[PDB]
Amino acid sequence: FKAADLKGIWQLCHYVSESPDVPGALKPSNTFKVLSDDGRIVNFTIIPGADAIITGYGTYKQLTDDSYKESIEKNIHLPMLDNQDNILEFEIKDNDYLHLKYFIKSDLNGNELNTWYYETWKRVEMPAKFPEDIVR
């Protein structure tokens, strides 16, 4: 296969809605995934007005056209992935949205979970101009 455009900085998004039945509108959130050029992965979450925190790190590698592996060293968000390979099924839609899914068999307590997790991330890009009235 030819490498998908995974490398970059990705921003976690969620879907907000007025009813539980209507599909939500996409909104960018506080978590970032840095997929480096040398195969390193770092997840971190900003805490407004406080220190941001690293929540997971390791290495990554694309396996197929629609799957990549994160070889997680430590993950405080999902401790069951520590020293494990997590296979993420993915699709990049319109060059900017990374739609991923992964499966967790058992939780940190050892109980059967058998749950698929879904995430949407948006590629962080440089705009044409630096916006006025922004707090760096």
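Note that residue numbering begins at 1 and tracks the sequence as displayed.
Between 32 to 40 and 70 to 78, it is 70 to 78 that carries the larger average Cα temperature factor according to the deposited entry.
The deposited model assigns a higher average Cα B-factor to 80 to 88 than to the other stretch when 23 to 31 and 80 to 88 are compared.
When all modelled residues of the chain are sorted by CA temperature factor, residue 52 is found within the lowest third. In this PDB entry, the Cα temperature factor of residue 109 sits in the top third of its chain's modelled residues, the highest group.
Annotation for residue 45: C-alpha temperature factor in the lowest third relative to the rest of the modelled chain, per the entry.
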